[PDB]
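compute the structure for the input listed below.
(5 chains, ligands or ions: 1)
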Amino acid sequence: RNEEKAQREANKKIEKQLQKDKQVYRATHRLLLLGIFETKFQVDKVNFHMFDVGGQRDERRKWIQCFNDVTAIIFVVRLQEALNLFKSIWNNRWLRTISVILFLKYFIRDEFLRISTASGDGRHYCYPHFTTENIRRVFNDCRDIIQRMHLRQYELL
Amino acid sequence: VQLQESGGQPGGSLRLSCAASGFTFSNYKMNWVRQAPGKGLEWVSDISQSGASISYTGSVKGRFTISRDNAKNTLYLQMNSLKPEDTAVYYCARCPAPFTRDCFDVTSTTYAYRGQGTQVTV
Amino acid sequence: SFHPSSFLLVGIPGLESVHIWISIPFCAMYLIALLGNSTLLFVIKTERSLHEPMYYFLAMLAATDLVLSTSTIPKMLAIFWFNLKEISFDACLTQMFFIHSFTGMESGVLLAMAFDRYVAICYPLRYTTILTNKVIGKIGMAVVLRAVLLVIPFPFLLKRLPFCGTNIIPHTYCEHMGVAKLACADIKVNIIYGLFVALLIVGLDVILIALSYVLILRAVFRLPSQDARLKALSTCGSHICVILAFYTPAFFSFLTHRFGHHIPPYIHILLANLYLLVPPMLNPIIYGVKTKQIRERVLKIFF
Amino acid sequence: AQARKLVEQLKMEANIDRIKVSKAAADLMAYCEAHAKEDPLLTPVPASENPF
Amino acid sequence: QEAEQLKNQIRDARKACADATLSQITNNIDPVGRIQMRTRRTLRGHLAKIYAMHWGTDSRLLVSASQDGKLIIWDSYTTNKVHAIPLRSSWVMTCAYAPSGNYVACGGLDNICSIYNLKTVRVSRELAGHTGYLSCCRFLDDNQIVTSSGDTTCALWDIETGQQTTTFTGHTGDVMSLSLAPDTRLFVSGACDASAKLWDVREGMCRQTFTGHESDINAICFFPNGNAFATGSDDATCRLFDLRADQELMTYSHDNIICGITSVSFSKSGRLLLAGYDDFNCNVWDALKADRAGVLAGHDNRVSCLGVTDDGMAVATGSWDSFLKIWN
Ligand SMILES: CCCCCCCC(=O)O
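Numbers count the residues shown, from 1 in each chain, chains lettered A, B, ... in the order given. Sure, the structure comes next:
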């Protein structure tokens, strides 16, 4: 009798604490720098998280599935290798619906957009950039991505 | 999984063959890669499960042709009008997972599904 | 002050010889409304991937429609079928109170849905930190409290008028002015207060809804892509059609009961029963079946 | 260095004194048969004695 | 040259020692029947996808790990929670339960193994030294642990000193899982080079190598008597091997299964083998005769982890929709 009361009281505090972390988890946006370290920052009262993986081997087919719920992938650009990796990521099953933010003139951009617009059925796009401006650019693309997701949700697109 | 590669004056012609054993050859996407002396591994050509979709790098587009034979589980690369800038060791790589459109680590070092290679000097 | 025992509802005035032919479509539409909303509520509750603010607002709308449709149609069907016209004095007041309060609640729910859509589309990166559970609870409480507090004086206003003479009221259900017009005294206070309440609720909600839709469609048309220019129109048109079909007959009845007497009565009674029946049947089809994540989850359960 | 290690490992693994397969299958069959009376997922336990 | 000759000799010996199959000898046993199992409990407290789970010695408590950065200790009898531990790194892909029941371990993309103490929850140790991400870890005792990493190595640690006692090397791909024998004298391992290896804990050298799959190997577990093991791979098949015979005996597959296998486990008597797949549900196989006998299908995303109690009374499955389900 007393043991069950203690157990229920113990579980209630766990539930109350867990309900607090959900609001923090849904209010932050995650990123992935693909040229583990974590960097957190804030822009316009919006929380942003970025991770960099450089302590692993060059065999990505097993640890890349851990990043299937990220908002976007930051690809830093040898050109053929970049295009081949972009094609490999674009056609994956778990990272299928993932946008890519390119950080590289018009010939290379057109070659990338040729593979970007080949498939996808209007589920993901590509945002090439030619390079405190980078953070603003990433912020704008993230806002556009989330707006398009909301549009798809409400049957307006 | 075993992959054995055989075969190999500017402007000439050459042909490489590769035979595969230990796995079902039909349901895998295959490709030819090269390693030049002084540089790293590079991707050359690709071929799908039935040979419907074919892809070449821009350097050798038009000159070379890649084919596949599922009845004898072997694939071929035919090169015409070869230039001295094409001397390298040729490997035959295989995509890691069946029934997939993605092939990640074929150009990585210490790949497990790749042959021994044959040297071509022009 | 001499209130009668009970009243008599006659139904459609001047069409008493075809009371059964008119009732054929009413049964079918009420039956469809009685099934769609229940199915939508069950699907929303049982699933755990449908727990978002949009679906909570949809659930509140479905419950409001289910309550609105169930206080009018059974009595109309009884009148049309078995000629059961007798109604007590207090059942009239309670029926009128519930009808008006839940009309106000439906308007508030629609306003909340419009606000949610506006914030979602026009403020994407702040959507999760603006609309939380506390805000949703406060919004629902505000809607219910506003409706209840605004409509509650009506029974007190109708209980002080002396009723001398007849008790027949030419309608299908008990309204505020339909009952008030049989009183033996001046009803200026009822006129002014009811007109003020209706203007303060319905018009204020309609203006904000129109502003939100205009802002949303203006933001959609600014996108470089042009495949959203047609689907947005194709959905907003159906939404606006249903909204108008709900809102217009309400104004028609509220204004004809006190400013128009030259209009024939049977069409007035027929139009007074449309805003109370049609949106309850047409809401789930345009909101639940047409949406992407509810149709495929309904067909997933039965198959 | 790698080839020598591979050859040494292959030489080490070439002598383990293996046995037949028909004799190594009857062992597992008998193991399953002898313990099949106390496996709850094979023989459903009475509901009263079931913790869940 | 020498390697090819040795391989040919080993192949000829393997052909010579084999005379009968596991199917021909088990052609007269009565079939198990239709295994019908239903969900008895549902545990829902995580926010992101679950990656690993481990049962307890008393068959009443278990620990779960998720990609949001949490460790949760459950009570499957009453569904009540016990402990919730936040983690320093959000990318965790393994967890373990000490046999005594007063320790837990976890690790992931940080190339570190962390051990927490429950009877104080504060961290106890942080073992470092690997070069790649950790894939599995199993307790042997309150002071010994075995891990496998993504740098193609396995390790045996000493918690009291915090140092690496032994290093097992020889694989040419990422090591995905390990399974410890009941005798605790040896264990088995599988990697992405499509091979499995048997390691002796005392001496520290590879004794046997098994090569029958065509792609990466994802899960592994020991048979109850310790004389065999099963493993699932990325080619949509399972295979059972033997130690005294040193060759594969049975394969489990179907013509309509395309997805790979993520988890594998055995029953109490070894008659049933449970396999979690990438197409949202898991299957039950009869070990003696390869024949499907049941399907557990309740999850909306891919099944990632699977476990069976020490008393054999219930099974627990985790998934990528952040739910743990107990079936019996
Ligand atoms: C939002 C509607 C509130 C009730 C309207 C009253 C109409 C009347 O007095 O005739």
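
please tell me how far residue A:86 sits from chain E.
23 Å (Cβ to the nearest Cβ, to the nearest Å). (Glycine included, C-beta is placed from N, CA and C.)

what helix or strand is that residue located in?
helix A:79-90 (DSSP states H and E).

biggest strand in chain B by residues?
With secondary structure taken from DSSP state E, chain B has its longest strand at strand B:13-21.

what's the following helix or strand after the helix holding residue A:86?
Next in sequence after helix A:79-90, counting helices and strands by DSSP H and E, comes strand A:99-103.

return the set of buried residues in the helix or strand following that following strand.
Later in the chain than strand A:99-103, the nearest helix or strand by DSSP H and E is helix A:106-116. By 16 or more other Cβ atoms under 10 Å in any protein chain shown, the buried positions in helix A:106-116 come out as A:108, A:109, A:112, A:116.

residues making contact with whichever strand or helix holds residue C:137?
In this assignment (DSSP H and E), residue C:137 forms part of helix C:133-151. Residues outside helix C:133-151 that contact it (Cβ atoms under 8 Å, 6 or more residues apart in numbering or on different chains) are C:53, C:56, C:60, C:97, C:100-102, C:104-105, C:108-109, C:112, C:197, C:200-201.

only whichever of those are buried, select them in PyMOL.
Applied in PyMOL, the following selects the buried portion of these according to 16+ other Cβ under 10 Å:
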select buried, chain C and resi 53+56+60+97+100+101+102+104+105+108+109+112+197+201
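
now, which of the contacts of helix C:133-151 sits nearest residue A:94?
Of all those, residue A:94 sits closest to residue C:53, with 28.0 Å by Cβ to Cβ.

find the residue closest to the closest one in space, skipping its chain neighbours.
Excluding its sequence neighbours, the residue lying closest to residue C:53 (Cβ to Cβ, 6 or more residues apart in numbering or on different chains) is residue C:131, at 5.3 Å.

what's around that neighbour, how many residues?
Residue C:131 has 20 neighbours, counted by other Cβ atoms under 10 Å in any protein chain shown.

could you measure from it over to the ligand?
Using Cβ to the nearest ligand atom, to the nearest Å, residue C:131 is found at 25 Å from the ligand.

for residue B:66, same thing?
Residue B:66 sits at a distance of 74 Å from the ligand (criterion: Cβ to the nearest ligand atom).

quick one: what helix or strand has that residue in it?
Per DSSP H and E: residue B:66 is located in strand B:64-69.

immediately after that strand, which helix or strand?
Per DSSP H and E, the first helix or strand lying C-terminal to strand B:64-69 is strand B:74-80.

flag every buried residue along that next one.
Buried residues in strand B:74-80 (16+ other Cβ under 10 Å): B:74, B:75, B:76, B:77, B:79.

now the residue lying closest to residue E:225 once chain neighbours are set aside: how far from chain B?
Spatially, and ignoring its direct neighbours in sequence, residue E:225 is nearest to residue D:31 (5.3 Å; Cβ to Cβ, 6+ apart). Plainly put, residue D:31 is 32 Å away from chain B if you go by Cβ to the nearest Cβ.

show residues contacting the strand or helix carrying residue D:31.
Here residue D:31, judged by DSSP H and E, is contained in helix D:22-34. When contacts are defined by Cβ under 8 Å, 6+ apart, helix D:22-34 is touched by residues E:19-20, E:22, E:25-26, E:29, E:223-225, E:227-228, E:242, E:244-245, E:249, E:269-271, E:287-288.

quick check on the residues you listed: which are buried?
Here, 16+ other Cβ under 10 Å leaves E:22, E:25-26, E:223-224, E:227-228, E:242, E:244-245, E:249, E:269-271, E:287-288 buried among these.

which of those sits closest to residue D:17?
Using Cβ to Cβ, residue E:244 is the member of these that sits closest to residue D:17, with 9.4 Å.

how is that closest one assigned, secondary-structure-wise?
Secondary structure, DSSP: H, G, I helix; E, B strand; the rest coil: residue E:244 is coil.

residues contacting it?
Contacts of residue E:244 by Cβ under 8 Å, 6+ apart are D:18, D:19, D:24, E:227.

tell me which of those residues fall in strands.
Going by DSSP E, the strands hold none of the contacts of residue E:244.

is stretch E:270-278 up against chain A anywhere?
No. Interface with chain A: stretch E:270-278 contributes nothing (Cβ under 8 Å from any Cβ of the partner chain), its closest point being 8.7 Å away.

do that stretch and chain B meet?
No. Interface with chain B: stretch E:270-278 contributes nothing (Cβ under 8 Å from any Cβ), its closest point being 11.1 Å away.

need the strands for the chain, in chain order.
Using chain A here. A:28-34, A:37-42, A:47-52, A:72-76, A:99-103, A:126-129.

was after chain B, sorry
Taking DSSP E as the criterion, chain B carries its strands at B:2-6, B:13-21, B:30-35, B:41-47, B:54-56, B:64-69, B:74-80, B:88-94, B:118-120.

okay, those in JSON lines with distance to chain E next?
Output for the strands of chain B, formatted as JSON lines (distance: least, Cβ to the nearest Cβ, whole Å):
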{"stretch": "strand B:2-6", "distance to chain E": "10"}
{"stretch": "strand B:13-21", "distance to chain E": "11"}
{"stretch": "strand B:30-35", "distance to chain E": "14"}
{"stretch": "strand B:41-47", "distance to chain E": "17"}
{"stretch": "strand B:54-56", "distance to chain E": "23"}
{"stretch": "strand B:64-69", "distance to chain E": "18"}
{"stretch": "strand B:74-80", "distance to chain E": "17"}
{"stretch": "strand B:88-94", "distance to chain E": "10"}
{"stretch": "strand B:118-120", "distance to chain E": "18"}
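
residues in contact with the longest strand of chain B?
Identification of contacts with strand B:13-21 by Cβ under 8 Å, 6+ apart yields B:2-8, B:32, B:72-82, B:90, B:92, B:94, B:115, B:118, B:120.

can you do 10 Å?
Strand B:13-21 is touched from outside by B:1-8, B:25, B:28, B:30, B:32, B:64-66, B:68-69, B:72-82, B:86, B:90-94, B:113, B:115, B:118, B:120, B:122, with contacts defined as Cβ atoms under 10 Å, 6 or more residues apart in numbering or on different chains.

got the angle between it and strand B:64-69?
Counting by axes from the mean of the first three to the mean of the last three Cα atoms, to 10 degrees, strand B:13-21 lies at 30 degrees to strand B:64-69.

give me the phi and psi for the residue of chain B found nearest the ligand.
Nearest residue of chain B to the ligand: residue B:101, at 57.7 Å (Cβ to the nearest ligand atom). When read as degrees, to the nearest 10, the backbone of residue B:101 gives phi -100, psi 0.

I figured it hits residue A:89, correct?
No. With contact defined as Cβ atoms under 10 Å, residue B:101 does not reach residue A:89; the gap is 11.4 Å.

more crowded one of these two?
Higher neighbour count among residue B:101 and residue A:89: residue A:89, with 19 against 15, using other Cβ under 10 Å.
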